Each structure stands twice: as structure tokens, then as C-alpha cells.
Amino acid sequence: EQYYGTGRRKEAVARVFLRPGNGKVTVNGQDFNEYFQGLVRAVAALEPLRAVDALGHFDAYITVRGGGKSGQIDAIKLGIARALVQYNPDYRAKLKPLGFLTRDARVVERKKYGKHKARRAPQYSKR
Amino acid sequence: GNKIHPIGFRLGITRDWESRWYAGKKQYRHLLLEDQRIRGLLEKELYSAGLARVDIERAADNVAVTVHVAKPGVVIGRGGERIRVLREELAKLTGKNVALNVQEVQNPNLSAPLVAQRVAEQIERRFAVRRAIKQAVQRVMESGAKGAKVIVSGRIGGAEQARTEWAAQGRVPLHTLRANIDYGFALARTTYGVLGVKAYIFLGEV
Amino acid sequence: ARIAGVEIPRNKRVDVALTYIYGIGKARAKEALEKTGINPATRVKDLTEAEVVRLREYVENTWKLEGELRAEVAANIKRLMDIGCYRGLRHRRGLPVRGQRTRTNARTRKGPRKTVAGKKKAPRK
Amino acid sequence: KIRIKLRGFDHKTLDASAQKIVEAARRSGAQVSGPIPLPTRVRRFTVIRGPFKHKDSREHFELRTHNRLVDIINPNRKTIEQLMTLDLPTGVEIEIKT
Amino acid sequence: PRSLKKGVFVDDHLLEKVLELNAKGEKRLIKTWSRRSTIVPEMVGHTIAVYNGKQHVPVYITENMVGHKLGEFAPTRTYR
Amino acid sequence: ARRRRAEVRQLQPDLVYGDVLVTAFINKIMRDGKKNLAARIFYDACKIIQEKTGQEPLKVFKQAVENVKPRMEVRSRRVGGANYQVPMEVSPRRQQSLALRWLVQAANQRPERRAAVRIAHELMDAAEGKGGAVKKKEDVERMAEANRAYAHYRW
Amino acid sequence: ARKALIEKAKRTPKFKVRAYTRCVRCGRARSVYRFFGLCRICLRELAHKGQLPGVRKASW
Amino acid sequence: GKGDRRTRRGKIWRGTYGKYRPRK
RNA sequence: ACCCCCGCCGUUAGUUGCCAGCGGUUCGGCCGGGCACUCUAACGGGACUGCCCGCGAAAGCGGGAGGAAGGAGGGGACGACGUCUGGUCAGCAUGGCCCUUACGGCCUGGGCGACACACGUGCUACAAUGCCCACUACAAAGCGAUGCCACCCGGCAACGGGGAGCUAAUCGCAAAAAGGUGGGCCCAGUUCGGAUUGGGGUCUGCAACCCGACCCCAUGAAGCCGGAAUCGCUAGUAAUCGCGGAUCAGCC
Ligand SMILES: [Mg+2]
Ligand SMILES: [Mg+2]
Ligand SMILES: [Mg+2]
Ligand SMILES: [Mg+2]
Ligand SMILES: [Mg+2]
Ligand SMILES: [Mg+2]
Ligand SMILES: [Mg+2]
Ligand SMILES: [Mg+2]
Ligand SMILES: [Mg+2]
Ligand SMILES: [Zn+2]
């Protein structure tokens with residue numbers, strides 16, 4: 002009837018809803034190719050599908066809010082990866098070795114004082 | 002010149018605030034300046050009583066104030082005549098209308114502020130600094146405490162060169178964020194100059 | 002086509018081209034073309050004798066341009082310069098007028114650095 | 003429909019406070035909307051550590067304010083009885099608008 | 002590209018003191034610390050002495066220098 | 002790197018050829034992390050290699066890298082006074098880094114106003130064995146083997 | 002921070018632009034925070050004692 | 002660029018609005 | 001190590017949230033409704049070389065499984081006994097010395113903003129992996145009482161007049177910018193770059209000459225990638241892009 006998987010990346014949340022069907026994707030309304038209009042990376046998000054020969058067998062409604070269309074592309078990629086497991090829990094065996102079921106914990110680094118950008122340290126002359 | 006205040010460092014845990022009351026934007030700065038006015042007089046007065054802390058709770062035009070002392074008597078007064086003078090001298094400062102409780106200090110020998118002032122005074126009377134210090138650590142260490150330490154600033158004995166005296170016993174982990182170390186500082190005006198006094202007392206842990 | 006005082010902007014978009022005039026900027030460009038109703042994109046060469054007349058006339062007569070303008074500006078400066086006007090003295094002395102720092106960064110108004118001898122050991126770093 | 007809004011500095015002096023208000027009125031009115039959290043507003047004070055120079059000393063201080071809501075629809079006298087005068091915390095301050 | 006808005010400012014120390022002299026014609030000198038004030042026609046012909054912040058310099062106010070502000074005619078710093 | 006032997010970051014394959022080496026090259030084109038413009042340029046280029054060249058872009062590319070990888074390079078070294086330039090092999094790893102870097106560099110050294118083209122044309126020239134990229138490569142080897150006397154300082 | 006120069010409390014600005022914060026404890030006019038009436042120093046001193054209600058040490 | 006006070010960026014950089022970066 | 005922020009899961013809580021799921025629609029999650037989900041904030045779980053193979057006397061090293069994650073998972077707070085006669089009596093405190101019609105105090109004005117020059121830290125840039133115009137899309141953390149300012153009007157505009165809501169997860173600052181789409185520029189000191197200067201004007205403030213920021217017109221400099229020498233950063237880091245805050249009338 003329906004399947005779920007969230008998915009978060011670099012501060013992005015993607016609600017992934019798979020549903021046996023054609024293979025289209027409605028990201029926040031616009032078509033998959035409409036929200037990510039011209040982003041050589043987009044293709045990534047659906048990689049967990051091709052992982053187990055899905056896509057042309059499922060369908061996906063997706064809500065995405067937070068971060069940037071790049072982070073969303075990874076949240077969504079994780080969503081489609083999780084949801085694809087509630088469906089058949091047997092997918093892990095092949096879906097995980099790729100690492101799709103991991104939550105990239107790489108986040109912006111705090112901006113420490115004394116320094117220009119968390120690390121970028123100010124420069125000196127005839128020290 | 003390193004190391005943070007052992008209290009301010011632990012405020013989240015093993016140590017509560019001296020003024021716990023909500024407020025904001027338009028009031029906070031006014032409602033705080035007051036607290037300082039309060040504490041101002043209490044320390045200027047209740048010296049001989051042995052001041053150690055001045056909790057100040059609030060809710061609305063009915064302040065708290067719970068002065069903590071070693072000699073609760075000196076505070077109260079004869080039959081309670083002084084706690085009348087002050088408690089009144091109080092509203093002549095804050096129309097707010099406030100109470101004035103008084104708790105007694107169970108062994109002023111575990112009150113960093115006291116141990117400090119204790120030493121600060123001796124030094125003002127011209128006692129041998131190192132002695133006064135060792136003694137103090139002993140008293141504190143000799144009546145409970147899993148650790149203690151005292152530090153006197155400089156110009157020890159009126160010496161032209163500012164020095165710095167020590168003294169310590171048992172664990173006194175300033176780094177362990179959960180120690181529960183009472184910190185106390187005492188000044189010490191003198192013919193030759195100011196000399197700060199620091200008292201550190203360690204109790205339990207968790 | 003030649004327009005204002007010895008003006009001959011050619012082979013570029015008319016707007017761009019009009020820019021080549023003393024008193025005309027990217028602003029008056031789109032306007033003079035706006036009013037005189039001419040495509041701004043037309044290459045000056047591809048213009049029309051009819052358009053070159055409405056432009057030549059609208060512009061030359063609507064704004065104070067070229068020589069006559071430099072005459073004004075020069076005239077102005079001369080004035081606040083004749084009267085004890087501080088601002089005028091800044092012109093004489095050749096230093097920046099709009100109240101900027103003259104301890105460093107004033108080369109655009111001073112010219113090339115005029116290095117002199119100095120004092121070493123006194124960390125001028 | 004009595005909307006309560008609780009704010010405090012201690013995230014316990016509220017969960018304690020606002021929780022009393024829940025168990026109390028849960029015996030004289032509706033069933034309460036449960037104490038709903040609400041984002042916290044933090045105030046940062048970045049200060050130079052020592053006096054005179056040392057531009058890169060610093061050390062951060064923040065004054066985080068917490069909020070709680072609750073919401074009791076179906077007000078019924080006894081509700082305004084179990085609540086009206088039975089609070090306890092001092093580091094709290096309420097505002098209610100039924 | 003200066004600008005005040007609506008209400009050309011002029012301290013009335015010298016203002017109501019300059020026009021009072023307009024009644025008997027003019028006068029022979031003035032002296033105000035109000036270098037903050039704009040110059041109005043009534044000042045023309047006159048000779049107001051402005052303050053360096055140290056001295057009172059004699060400034061003959063002519064038409065050509067109306068809109069300006071007195072101080073612009075009494076230099077502050079000393080250079081070269 | 003005093004402690005470990007810093008392992009190589011492994012890159013996610015191409016979003017079209019699924020070739021890691023490509024991502025690498027694209028990363029060398031990128032600047033200010035504007036990885037889209039970077040990816041585009043390399044793909045537009047691949048389509049410029051399709052038109053003007055009846056060959057598959059991917060193979061033209063790899064061919065290029067190949068001719069641009071130096072197999073010997075000179076590394077300075079202090080040996081009794083002077084700093085003799087010792088000639089020596091080049092790690093497989095370093096060969097790539099240099100090849101790709103050199104390509105992008107020479108590519109941005111070309112005249113054609115369009116970024117995507119400079120890459121397109123540079124790659125091709127490289128394949129044929131000509132171009133600023135292969136120059137540097139052959140210049141390097143020349144440098145070594147011309148200092149092959151101090152090669153007994155093997156390093 | 003001379004008594005004499007703590008005429009700031011005088012209101013009488015003659016014009017309200019001559020008004021200026023000043024520390025409500027040391028007179029440290031130079032970097033007085035509004036929300037406290039205190040200067041960067043005193044603010045730090047008191048925060049360490051705990052006399053600044055709900056003003057813990059930041060970190061993240 | 003970020004410096005031309007009479008362009009989009011020049012306005013954005015200077016955090017302002019005018020004939021070159023209207024409110025909308 | 002005990003504390004804080006970020007990674008995964010669950011409980012409690014639902015005016016944040018969504019047809020997830022149903023009916024309606026000015027089809028705006030707008031309406032009813034619903035807490036599932038995102039989230040909000042409080043608490044609980046989870047990692048310990050705990051399990052498997054290999055070496056080792058042991059500590060542990062290598063490898064593998066599970067897992068969001070590991071062998072200190074990523075970033076903070078946190079700085080030993082002491083050193084430098086380190087820094088600050090100008091934050092405050094304080095010994096000693098000195099001044100008391102004044103080395104005190106009030107005021108107006110000037111100065112701290114001077115320049116032939118030298119250096120440090122930076123901003124903007126020299127351009128096509130770019131600049132300009134238009135259209136269109138994703139963020140976080142913050143701040144708001146005379147304060148944020150919706151929307152409407154007058155102005156090219158700064159801004160002015162009018163005026164709703166907000167006491168602020170429910171209103172405002174706010175537009176994110178880089179980006180995607182379409183057009184223009186066509187390699188030129190240029191639709192690069194904006195210094196400098198002339199003029200007009202807004203705004204704060206008693207007051208913007210000295211000495212404010214902003215807007216519009218004109219002006220349109222040096223600069224075509226930098227000698228010797230020299231600085232930063234090991235990953236979500238550098239690089240690059242915009243957003244907020246404190247101080248604060250305004251603002252350099
Ligand atoms: Mg950043
Ligand atoms: Mg002021
Ligand atoms: Mg430009
Ligand atoms: Mg073992
Ligand atoms: Mg530690
Ligand atoms: Mg010294
Ligand atoms: Mg000194
Ligand atoms: Mg200065
Ligand atoms: Mg209008
Ligand atoms: Zn202070």
C-alpha cells in the first residue's frame with residue numbers, strides 16, 4: 002500500500018514515500034526533474050532504487066525541507082534507501098554494502114573565536 | 002594567568018546560582034541592579050556575623066533573601082531587634098516589600114568564603130601567612146572535606162617583592178566537572194597593600 | 002553617427018555608444034533611447050537617419066554635455082576655490098575633498114608615492 | 003479554553019511547574035493538551051576575557067529562555083480551583099490568556 | 002552633494018544678532034562659536050569672525066559664499 | 002604526515018560514466034566548490050569530443066591522461082653543499098595527480114574563449130601526443146635523464 | 002570613570018543625544034551591555050559567581 | 002562587482018535598496 | 001572521564017507539522033479533522049575492541065560482521081608545578097608619591113579624522129569557470145515597544161504618508177546569495193573594475209564645515225594577476241556565497 006523512510010543529510014530532512022506504481026517522483030510537488038532542474042548530481046537520490054532494480058516498479062512522493070538542493074539530494078537518497086527496506090527488509094544485504102543506509106554525519110564546523118572561519122587562522126607579517 | 006572560576010564553571014551542575022528568578026528585557030537589568038544593592042549592604046553590615054552566601058529568590062514585589070551565616074545570632078539581634086533594623090533598612094532600598102530569612106552555617110570550616118575571610122583577617126592582624134594558611138587547610142581538612150587548598154597573593158609579610166603562598170591536602174580536582182569544590186575569595190587591605198586570599202574546598206563528588 | 006560636441010560613437014549598440022559621450026552614462030543611455038523610441042540594441046551603423054536626428058536633437062537638447070559641461074564643473078571648483086572654502090583649499094592643496102584619511106590611501110588624489118628617508122628601529126610595522 | 007504559557011530559565015523548574023498544572027486540572031476540566039514544549043530563545047554574550055587588549059581571549063555566556071504551553075479547553079470552576087492557588091517554583095513566571 | 006532637508010539650520014546667536022544690525026545697516030564685526038550654522042543672505046556684506054577652536058578669524062561674507070557654513074571659511078588644523 | 006601514511010580519499014564515481022578518474026578530473030576543473038559548473042564544463046566538452054571527433058569521449062580522455070603522465074621526474078636534494086636535482090620514478094598515484102592537474106592547467110592556457118572548449122580541444126591534442134599538457138610531461142622526463150648523473154643519490 | 006564624569010545619571014542631556022550607557026557598577030563606559038547595565042568585565046565577573054540569574058557558560 | 006554601489010550586487014553587498022535593488 | 005553542540009532509535013507533548021488518510025476549496029495545508037511524519041524540547045536507549053578470525057606474555061595492532069556511528073565518531077567548555085621582573089594602577093580594587101583656586105570642576109569650539117612618507121590586518125579587483133538584466137528554487141541561527149515593520153499610496157530612488165498584525169514556533173525583519181532557465185556583452189581597459197570629483201537629494205540627530213550613512217545623475221582613476229620575501233588550511237576543512245547579532249540616534 003505504502004512505504005516510508007526519512008533521511009537526513011548535512012541538515013536536510015526528506016520524507017520518502019514509495020508506492021508500487023510507474024516510477025515517477027513528486028518532490029514537493031514539482032517533478033523529480035522539475036525541482037532539481039539542472040543539477041548533474043540529482044541522479045544520485047534514486048541510486049538506491051537502481052540498487053535493487055526498482056524505480057520502474059515503484060513510485061515516490063517526497064517532501065523535502067531544510068538545507069540546500071544538494072543536501073536534500075542526499076537526504077532523499079537516504080529516504081529512498083530506508084523506505085526501500087520497510088518494504089522488503091531483505092534489501093539490506095545489497096543496499097547496505099553500498100553504504101546507502103548510513104547517515105553522512107559531516108556537518109558545518111562551528112566558527113571558533115580568534116580565527117576567521119573555525120580554522121582559517123589570521124595571518125602575520127614579520128613575526 | 003589561566004583557570005576559570007570553579008563555581009561559574011560548574012553552575013550547570015554541582016553548584017546553583019545566588020539569584021534564581023525569571024525576568025527579562027525591560028526589567029532584568031533593573032531587577033538585578035537591585036540584588037547588588039541588597040548584597041551591598043549585607044556584606045557591609047553582617048561582616049562579624051560571618052557572611053557566606055545571599056540567595057535571592059523572587060516572584061513579584063515579594064522578594065526572598067536568605068542570608069547564610071556562621072553566627073546567626075549577630076544577625077537576628079537581641080530577641081530579634083536587629084533583624085528589624087536591617088529588614089527595614091531593606092525596604093528603604095527596595096519599596097518592593099521583602100522577607101529576610103537566616104540559615105546557620107553547619108561548620109564554617111567547610112565554607113570556602115569563610116575559610117578565606119578567616120585567613121584574610123589573620124593576615125590583616127599581622128599573623129605569619131604561611132602558618133595561617135597551613136592551619137586553615139588543616140581546620141578544613143580536619144573537619145570533613147575530601148580535599149582543600151588555600152592561596153595567598155603577594156607581599157607576604159609586607160615584603161617588597163610580591164610572593165604567593167600555597168598549602169593543600171587530598172583531591173582538589175579543578176578539572177573534574179562534577180567535583181563540587183567550594184570557592185571563596187577574601188581581600189585584605191593593609192598598611193602595605195591589598196593581598197587576595199583564595200580558599201578551595203572539595204566535598205564528595207557525584 | 003556624430004551627435005554631441007564632436008561625438009562619434011560607432012559600430013556598437015547605441016546605448017553603449019552614447020556612453021562614449023562626456024555627459025552620458027548607462028542611465029541617460031536607456032532614457033535617450035527610451036524617449037526617442039529607438040531599439041537600444043541596434044548597432045550604431047545600422048541606425049536610421051531619422052533616428053539619428055531625433056537622438057541628435059533630443060540629447061543635445063535635454064542635457065548639458067561635453068565641453069560646455071567640463072566648463073561648468075571646472076567653473077564650480079574654481080568657485081569654492083576662490084572663496085576661503087575649506088573644500089576649495091582641498092582642491093588647491095590637491096588632497097582628498099570628501100573627508101577621507103590622508104595618512105594612508107590617497108594615492109588616487111596624490112599621485113605616485115613620494116618616498117622620503119625615515120626612522121627604522123621603532124616598529125613602524 | 004484557558005491558554006497557559008510558561009517560561010523559565012531552568013528546564014526543570016518548568017517541567018516540574020507546568021507538569022503540576024497538568025495533573026491538577028486533569029480532574030476538573032477537559033484532559034489538557036499535554037505540556038507542549040516550544041522552541042527556546044538563547045542570548046549569547048561574547049566577551050573578551052581580560053581587561054586591556056588580548057582581542058582573542060573571549061569565552062561565551064548564554065541566557066537560554068525556555069517555554070511551555072499546555073492549554074486547557076473546557077474550563078470548569080474546580081479546574082480554576084486545583085490551579086488557582088497551588089503553585090510552587092520560584093524560577094518561573096506565568097502568563098495566561100483564556 | 003551635501004544635504005540637510007527642509008529647514009536650513011542657523012543658530013540664532015548670530016542670526017537674531019546679525020539682523021538686529023540690519024536695522025542700523027550693518028556694524029563692525031561679530032564673533033560666534035556657531036560655525037555649525039548655514040549662511041543666509043542677511044549675513045552678506047557682514048563680517049563674522051569664526052572660531053578656529055583657538056582663534057576668532059575675520060570672515061567677510063559675500064554672496065558667492067551664501068549656502069555654505071561659516072566654519073568652511075575658518076580652517077582648523079595647521080599644516081606645512 | 003608524521004604518524005600515519007595518510008590514505009587516499011576514495012571518490013564517488015561519475016554520474017554518467019561512473020568512472021572515478023573522471024570525478025577526479027572534474028574536481029581539478031572545479032573552483033570555489035562550484036562543482037556543477039565544473040561537471041557541466043567537462044560534459045559539454047565530452048560532447049565536443051563527440052562532434053569534432055568520431056570517437057567516444059571517455060576513451061579520448063583516458064588516452065590523454067596516459068600520454069600526460071610523467072614516468073620520471075626530478076626531485077631536489079641537498080647533497081654536500083649544492084642542491085643536486087635527483088631523477089626518479091613517479092608513483093602511480095602521483096602520475097595521475099600530475100596528469101590531470103597538467104591537463105586542466107594547459108587547457109586553461111589555451112586561447113578559445115569557452116572554458117568547455119579549451120578542455121575539449123586540450124584533451125584531443127593530448128590524445129594525439131601534442132598540446133601544452135604533453136609538453137610539460139615530456140619536459141619533466143627531459144629534465145630527469147639530463148640529471149641522470151646524480152641518480153646514484155637514488156633517494 | 003571619575004565620580005565627576007558620572008554626570009551621565011544627570012538626565013539633563015539638554016538634548017537626548019548626549020546620553021550614554023555607563024557601567025552600573027564600575028562606570029566602564031567603553032563596552033556596556035544593555036540587557037545588564039554592566040560592562041564586558043563585570044558581566045564576566047558576575048557570570049562566574051552565579052549572580053547573573055540563568056546566565057550559564059555557553060558552549061557548542 | 003560587490004563594489005559597484007549602483008548594481009544588484011553592489012546594493013546587496015552594501016545591504017541596501019534603491020533603483021538597482023528594489024524591494025519588489 | 002564526569003558537562004555542552006552535532007550523528008541513529010524510542011517514550012512523553014502536540015495551534016510546528018502533513019490528504020500521510022477522508023470530505024470541501026477563493027485548491028494558500030486555506031476548512032473540518034488527525035497526530036502519523038518533519039519538527040519543537042525533555043527524557044531514555046546506543047559503542048565497550050562488547051562479538052568473530054589473526055599475532056601478542058599483557059597492553060594492544062591488523063582484519064571482518066552487525067550498526068547511524070567506532071576503536072578518542074565529529075566540534076566545544078576545560079590549560080599542571082612554573083616561566084616572561086609578560087600586560088593592565090585607564091575598568092574596578094589597592095600601598096606609596098604628587099596636586100588642591102587648582103595636575104580638581106562646568107561649558108562652547110577645536111583635536112583624537114591631521115601628511116612627504118614606512119609597515120601590519122583587511123575590502124574590492126584586474127574578468128568569459130566572467131559581468132549585466134529578467135524569470136524561477138533550496139538555509140540556518142538570530143533579533144523586534146515606539147520596536148520589527150505586512151499591505152496601499154507619492155517618489156527613478158534613499159525615503160515620506162497611511163496603516164494591519166506581533167507582545168513574537170502562530171505577525172515582521174527576510175530578499176538568502178552562490179544556484180537553475182532565458183537574453184544581452186564578445187576579449188576591449190571593455191556592459192571588466194569602481195577610486196576620484198561635480199550636482200541633486202533622503203535620513204538620524206539641537207546640530208552632520210572641520211567629520212555621518214544612504215539614494216539618483218554625471219564623472220570613471222589605478223588595476224591586464226603582482227620583486228625579494230611571506231601567511232593560512234589535512235574535510236565538510238581550504239576555497240567560495242549570502243544571512244544574523246552584540247555596540248548602537250545615526251555611523252565611517
Ligand atoms: Mg561557512
Ligand atoms: Mg551616544
Ligand atoms: Mg561594472
Ligand atoms: Mg584482546
Ligand atoms: Mg580534560
Ligand atoms: Mg615589567
Ligand atoms: Mg608598560
Ligand atoms: Mg584613533
Ligand atoms: Mg513608488
Ligand atoms: Zn563594570
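Protein chains in written order, with PDB author numbering: chain I, 2 to 128; chain C, 2 to 207; chain M, 2 to 126; chain J, 3 to 100; chain S, 2 to 81; chain G, 2 to 156; chain N, 2 to 61; chain V, 2 to 25.
Yeah, the Cβ is synthetic: ideal placement off N, Cα and C, and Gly gets one too.
Range of the contiguous beta strand (DSSP E) that encloses residue i
{"i": "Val87(G)", "result": "87-90"}
{"i": "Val80(G)", "result": "That residue, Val80(G), is in no beta strand (DSSP E); it is neither H nor E in DSSP."}
{"i": "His62(J)", "result": "62-64"}
{"i": "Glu95(J)", "result": "94-99"}
{"i": "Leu52(C)", "result": "52-56"}
{"i": "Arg70(J)", "result": "68-70"}
{"i": "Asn102(C)", "result": "102-105"}
{"i": "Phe18(I)", "result": "14-19"}
{"i": "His153(G)", "result": "Premise fails: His153(G) is in no beta strand (DSSP E) and is neither H nor E."}
C-beta atoms of residue i and residue j nearer than 9 Å
{"i": "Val72(J)", "j": "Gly36(J)", "result": "yes"}
{"i": "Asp60(I)", "j": "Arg20(I)", "result": "yes"}
{"i": "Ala2(M)", "j": "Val60(M)", "result": "no"}
{"i": "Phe10(S)", "j": "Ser38(S)", "result": "yes"}
{"i": "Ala200(C)", "j": "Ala113(C)", "result": "yes"}
{"i": "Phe47(J)", "j": "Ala48(N)", "result": "yes"}
{"i": "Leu96(I)", "j": "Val53(I)", "result": "yes"}
{"i": "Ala119(I)", "j": "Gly8(I)", "result": "no"}
{"i": "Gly148(C)", "j": "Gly171(C)", "result": "yes"}
{"i": "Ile77(C)", "j": "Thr67(C)", "result": "no"}
{"i": "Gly38(N)", "j": "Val18(N)", "result": "no"}
Endpoints, alpha helix (DSSP H) assigned at residue i
{"i": "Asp75(I)", "result": "70-88"}
{"i": "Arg95(G)", "result": "93-108"}
{"i": "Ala61(I)", "result": "Counting along the chain, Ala61(I) falls outside any alpha helix (DSSP H), though it belongs to the beta strand (DSSP E) covering 61-66."}
{"i": "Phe43(G)", "result": "36-52"}
{"i": "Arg110(M)", "result": "108-111"}
Candidates the options: closest to residue i by CA position
{"i": "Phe26(G)", "options": "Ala152(G), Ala121(G), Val141(G), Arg72(G)", "result": "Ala121(G)"}
{"i": "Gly26(S)", "options": "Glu17(S), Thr33(S), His47(S), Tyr80(S)", "result": "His47(S)"}
{"i": "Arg57(N)", "options": "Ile4(J), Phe11(J), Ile6(J)", "result": "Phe11(J)"}
{"i": "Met73(G)", "options": "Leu99(G), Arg79(G), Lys29(G), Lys63(G)", "result": "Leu99(G)"}
{"i": "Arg76(G)", "options": "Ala147(G), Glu113(G), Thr24(G), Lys35(G)", "result": "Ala147(G)"}
{"i": "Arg29(M)", "options": "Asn62(M), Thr109(M), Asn12(M)", "result": "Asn62(M)"}
{"i": "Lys57(J)", "options": "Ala59(N), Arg41(N), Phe36(N)", "result": "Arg41(N)"}
{"i": "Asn23(S)", "options": "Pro42(S), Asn53(S), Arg81(S), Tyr61(S)", "result": "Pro42(S)"}
{"i": "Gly194(C)", "options": "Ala60(C), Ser154(C), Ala129(C)", "result": "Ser154(C)"}
{"i": "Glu110(I)", "options": "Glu12(I), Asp75(I), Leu85(I), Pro49(I)", "result": "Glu12(I)"}
{"i": "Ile31(S)", "options": "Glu64(S), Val60(S), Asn65(S)", "result": "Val60(S)"}
{"i": "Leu56(M)", "options": "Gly38(M), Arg71(M), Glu67(M), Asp47(M)", "result": "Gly38(M)"}
Write down every uninterrupted run of the alpha helix (DSSP H) in the region 17-77 of chain S whose length is 4 residues or greater and which is fully enclosed by it, in chain order. Here the runs fully enclosed are 21-24.
Mind listing, in chain order, the continuous beta strand (DSSP E) runs of no fewer than 3 residues lying wholly within the region 148-185 of chain C? As far as the region 148-185 of chain C is concerned, its whole beta strand (DSSP E) runs of at least 3 residues are 148-153.
Complete alpha helix (DSSP H) runs within the region 11-43 of chain J (minimum length 4 residues, chain order): Within the region 11-43 of chain J, the complete alpha helix (DSSP H) segments at least 4 residues long are 19-27, listed from N- to C-terminus.
Shell residues, 7 Å Cβ cut-off relative to heavy atoms of ligand 2: Qualifying residues, in the order they occur: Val18(N), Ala20(N), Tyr21(N).
Residues proximal to ligand 10 by C-beta, any heavy atom closer than 6 Å: Ordered by chain, the residues meeting the criterion of a beta-carbon within less than 6 Å of a non-hydrogen atom of ligand 10 are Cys24(N), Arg26(N), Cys27(N), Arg29(N), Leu39(N), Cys40(N), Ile42(N), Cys43(N).
Any chance you could list the residues with Cβ under 7 Å from a heavy atom of ligand 1, keeping chain order? Counting every residue whose Cβ lies closer than 7 Å to a heavy atom of ligand 1, we get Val109(I), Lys118(I).
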